[PDB]
Structures are given as structure tokens and as C-alpha cells.
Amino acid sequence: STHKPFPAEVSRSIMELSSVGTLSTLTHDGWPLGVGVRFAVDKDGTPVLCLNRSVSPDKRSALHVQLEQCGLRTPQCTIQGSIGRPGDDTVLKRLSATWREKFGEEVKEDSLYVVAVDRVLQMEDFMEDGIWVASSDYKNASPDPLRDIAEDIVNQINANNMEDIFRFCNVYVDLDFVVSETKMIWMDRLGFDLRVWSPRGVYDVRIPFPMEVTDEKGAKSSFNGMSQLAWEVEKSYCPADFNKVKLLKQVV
């Protein structure tokens, strides 16, 4: 439809929320090697990371980062680029600053490295092909404004608003079967993702907020409003003048 944020944005959000990744290096004898790594990211999504090993003479490199959402789905990004020690002694201080703010930690400045981002591969979950994102679009994309409270709010809704969620499956999406279960998976500035279980199988649907949302109370409010409208429609107080979502994503 999509009613999702742009993949670039998702990649930035993943890079903001996560702190752990895998550095893919091309070792001495032409054999790939993946190494665990912590990282922080600057205002442009450029990852600075602490590496212990001897960098290697081939500088071509990848950083792979995952974000598991509600134990149900793991969006992923892989930054392809060239790793290098920072040039000046000033940028070393800037990066030590970002690393400080993120981790509240100090670290050997000779262990700081930077991946100049060539391009970013963004995947919605395991086993997807994923889409490529140019480095400048990745650079200018903003992290989702809801990212720090998405997990919490999804938990609260899943624990406290099952009646609303289940109702959403009826009034907001044009299903062709009986919903046996549902969970909210994630929520961002444009809407939220439901997993719907069924005798047929398991499906993922995206339901959009009526208007794009900016902060916590905006999201909560938007949700309340959608609950209210869904109830009023089910109790037949109101017409369903709006169109239902049709697009579904099959998941194993």
C-alpha cells in the first residue's frame, strides 16, 4: 500500500535501537569471517564501532544488524561499505563523544573504526530478499519518532486491548476467514502491524493510523480513536464508510 515507513527509515530506526551487530570481513586467505561487534551511529547513520582484531588489508566490509520485534519478527539491515580508522584527531573525539553518549563508556581510541556507508540492504524479516537503499537516502532518512516506546506500547496493547485488536481484524481488514488469534507486532509513525492466526495459516497485516503520528500521546490517542470507531461500528452505532485493508503477508 504501503502505509509503512520507507525502508531507509526502517534501517535508521534499526541502527538507533540496536547496539550489537556482525562485522563481515574478508580475511587473509580469501575466506569470509563474521565477528561480533558493538556500535553507535552518528547523525547520518554512519556506524562507528569498536573492533579488536587487526583490521585486515582489504577494507571492504559489512555490518549486519537485527531488531527483533515482540519475539515474532526480525527486521534486519546490512550496511555495505569500507571500514577504516578515522583520519583526523578531531573526528576521533566526535565519535568518542557519540560512543560516550550512547554507551556511557570510555574505550581505547585505537579500537574505534568507521564504516563509510556505500549502500544499505533492508529486510522485513528472515528469509526475505530485501531492498537496496542508496547511501544518501539512508543518510537523510530519520529514525521513527516512536521507536523508543514502540515495544512498550505494543506490550500494553497486547496485554490490555485484545478486544480492540480482535475487533480491528473484523472492521479494518477485509479477511476471508475466522481469526483464531492476534498480536500487535510493532507500531511506527504511520500505523501498526498485526499478526493474525487462522485455520488456514498465519498472516501479517498493516493497519494505518488515519493521520501520521508524532509522539507517544499522539499514537495512544490515534489508537483510542480507532478502537472507539471499531466498537461503534460493531455495535452498529456507525456506518463503515471507510475502505478495508486487503493486502496480507503470508508467514510460516
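A residue's number is simply how far along the shown sequence it sits, counting from 1.
- Higher average CA B factor: 108-116, of the stretches 108-116 and 161-169.
- Judged by mean Cα B factor in the deposited record, 47-55 ranks above the other of 47-55 and 218-226.
- When the Cα B-factors of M127, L146, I131, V91 are read from the PDB record, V91 comes out highest.
- Set against one another, the Cα B-factors of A97, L121, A150, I83 in the record reach their highest point at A97.
- In this PDB entry, the Cα temperature factor of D241 sits in the top third of its chain's modelled residues, the highest group.
- When the CA B factors of the chain's modelled residues are split into thirds, the value for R200 lands in the highest one.
- In this PDB entry, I207 carries a Cα temperature factor that places it within the middle third of its chain's modelled residues.
- Annotation for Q66: CA B-factor lies in the lowest third of the chain's modelled residues.
- Among all modelled residues in its chain, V154 ranks in the middle third by Cα B-factor.
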